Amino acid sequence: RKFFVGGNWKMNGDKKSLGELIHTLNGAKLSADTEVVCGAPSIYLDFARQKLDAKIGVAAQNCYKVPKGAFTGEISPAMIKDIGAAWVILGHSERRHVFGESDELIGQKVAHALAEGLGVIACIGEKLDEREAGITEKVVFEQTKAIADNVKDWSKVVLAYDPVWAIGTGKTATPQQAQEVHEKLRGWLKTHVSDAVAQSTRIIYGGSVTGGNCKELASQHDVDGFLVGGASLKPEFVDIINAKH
């Protein structure tokens, strides 16, 4: 499984600051073995695709479930492809908990994006009260099934385990907590889908990943990469990409 590192810029930047970030990335010594994707604000996807080396992928941070229509404020997979971006992040925690996107909606978006040819980075993760109540497994398998029941071709899917309590809080999961969930998710995949799908699907970890804690998380057997937030806007993003060196 090729190591995968996604940087989720979220709602940050302007042309000057993203321009510099991009300059840095195009010049950096990035591992030949890491697949890199930058998640840019919709307003800057064209710019980013124009500026980043072709070796680095571009992802939209969200999309709707039909190619066109009366959905003021939304963008579709067709438009994302039009600009040259090849991925979309769906089901991120902020979409679920701040904007109210349900599993039903997320699963409809995944099927559409995939039908249109985009790769999908599908996020799942439990909240602190769920973790403490001992139902992490129940929650992540329910979120994963909603996605999985809408996936016809797993070759372009990346699963991202983003425990809510860890996003932007500095409270990274320990290597052991991450490994535990990843291993379980891989297991779900083997019995609900197939062994072939289980072995080739990347499951990445997100939630307060830094240049300082990445090497330990990355040595875990079932951690295939990361979905970086806050640190994807900094130069250390380069150290993250190279977490195996």
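One-based numbering along the sequence shown.
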May I ask you to compare 132 to 140 and 100 to 108 by their mean CA B factor in the entry and name the higher one? 132 to 140
Using only the Cα atoms and their B-factors as the entry lists them, report which of 62 to 70 and 211 to 219 averages higher. 211 to 219
Among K184, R49, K29, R202, where is the Cα B factor highest in this entry? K29
Which of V37, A198, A40, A178 ranks first by CA B-factor in the deposited coordinates: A198
Compare the C-alpha B factor of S76 with those of the other modelled residues in its chain, then answer lowest, middle or highest third. lowest
C-alpha B factor of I22, ranked within the chain: lowest, middle or highest third? middle
Based on the entry's values, in what third of the chain does the Cα temperature factor of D162 lie: lowest, middle or highest? middle
Lowest, middle or highest third: where is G168 by Cα B-factor in its chain? highest
Can you tell me whether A231 has a C-alpha B-factor in the lowest, middle or highest third compared with the other modelled residues of the same chain? middle
